[PDB]
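Quick heads-up: it's one chain on its own, the form deposited in one PDB entry, in structure tokens.
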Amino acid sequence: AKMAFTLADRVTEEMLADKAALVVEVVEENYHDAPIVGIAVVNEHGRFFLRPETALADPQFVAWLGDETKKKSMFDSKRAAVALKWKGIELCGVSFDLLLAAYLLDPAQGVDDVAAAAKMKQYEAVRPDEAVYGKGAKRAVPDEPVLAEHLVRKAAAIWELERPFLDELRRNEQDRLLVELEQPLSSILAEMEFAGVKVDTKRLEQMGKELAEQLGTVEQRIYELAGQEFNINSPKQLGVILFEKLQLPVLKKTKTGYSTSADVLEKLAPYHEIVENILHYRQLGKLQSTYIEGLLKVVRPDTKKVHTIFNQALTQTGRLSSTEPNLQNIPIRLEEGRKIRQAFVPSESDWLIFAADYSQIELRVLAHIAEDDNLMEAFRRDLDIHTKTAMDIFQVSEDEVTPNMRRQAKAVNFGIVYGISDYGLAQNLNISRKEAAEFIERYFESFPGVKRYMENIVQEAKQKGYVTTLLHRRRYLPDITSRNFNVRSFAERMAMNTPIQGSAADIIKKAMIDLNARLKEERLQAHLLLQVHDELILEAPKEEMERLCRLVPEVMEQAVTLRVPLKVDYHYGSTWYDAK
């Protein structure tokens, strides 16, 4: 049966009660400078639908939106807040965000709409968004009557579900995680996305020309060495050329055919000159297609800025993700790709990019959680952790640690964190399975606390059904009891890794909140631009660098207090690249 509501042609006092479920609908997936297709309000007085051009033009409604004392319950308030920021309207008073609540309760449900969250509490008097707007090419805003009922039903569900969701969060001891961490962070992420990052499109364009020329040369050389032209970017076609025409050895297969990944090509290089050329071609193409063209496609021509959207309710560990563009995977390891960062510059003249990153936060967190004596002492001495791990598992003095030993000790660390999986380890160190397990065994002997932790955490996951982070974020691990070795093992690794990655996410998130409070207190113009898992990127007047050098590291290091210190390195410069 249809849901009753007033489709108002004008705003009234009733719609401005001090508490309500609010819906400011933005259908475009990328909400930056996007249109708001309709508004719905549900409160003590009833249910209302307002046309955007009407409500947003009304002084009272706008004032109500920005009144922090007028409490609103919503779903994905960040989306609404940013869309409104582009319209010069401030949204305040959001005291409950159903999307974030559902996310904290169970990241695995993939809740991405009101209907999905509501289904968790057996509430189904609301339709999934996809059912209303369609999917992909056929996506479209329906006529007003259909639009209004949907928005009103969503607002109604939020109004009804607020209490049940908050009660379960309290029971999970996650209420403060929502109210004091994720919701305040949501507002900070909205300012970050709205501010955007300025881009030197001319530099990017020039790089594009050079890459295009280099790709041309290499592409011809490749056909020359192959004796024919073919689609190099086709693992299928390239496979026939390498393994059939040139007879190269098949070291690995893919469910669909021959493997041609970089790791495989590396081993094949000695056999034929075409291999190094394909590898080189892959490097250039990655830069050209994914980064140069990728960035130039989303830069706003008017401001030359890119406005990423941080998905705050997606990852199973509590990390954020970045889209359109993804600014969390910009090249840095290889010097050629690193050059791309020279294209990200300050948004104002005489301003600079400042970057601060936690040094080894995952292992410091592990030392804390496992309370491993050797590991805690290592960080208390601020030792090079990889060299120290090498010394321990290879039983040698610091002067006896060779470059290769340290490299493998690093791999073990990079691994211990992701759950002991000799297969993944052996694959990375290009060694055997047993050998990979042998290192692991040596590591636990040097760090018995870590071993006890890994055992205890897995048992705890089995007993409770989930694992938790420092700030009470949780992840359910149903496969922990699976009788399938592989499925169960993966779940055990997740049991081991989630508390580490998840707790590191909690910390930097708290740091962002703390940092913004300090910046405001100090009246600095510096502001956050990006977060990349364990590092924060800001821009500010050149005159604020010295103060930032002391303040940013301190706030990040003092976000939480662990059994070991937290260390933050920092750098600043004229471009993101120079912030090294």
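When you see a residue number, it is the position in the sequence shown, counting from 1. Rigid core: the largest C-alpha set superposing within 1.5 Å between the two forms.
One more form of this protein exists, namely the form deposited in another entry; it is left out here, but the text below deals with it.
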For the list 398, 210, 377, 348, which one shows a CA move of 2 Å or more between the shown form and the other one after the core is fit? 210
Does the C-alpha of residue 408 move 2 Å or more between the shown form and the other one once the rigid core is lined up? no
Once you line up the core, how about residue 99: does its CA shift reach 2 Å between the shown form and the other one? no
Given a superposition on the rigid core, I'd like a yes or no on whether residue 301 shifts its C-alpha by 2 Å or more between the shown form and the other one. no
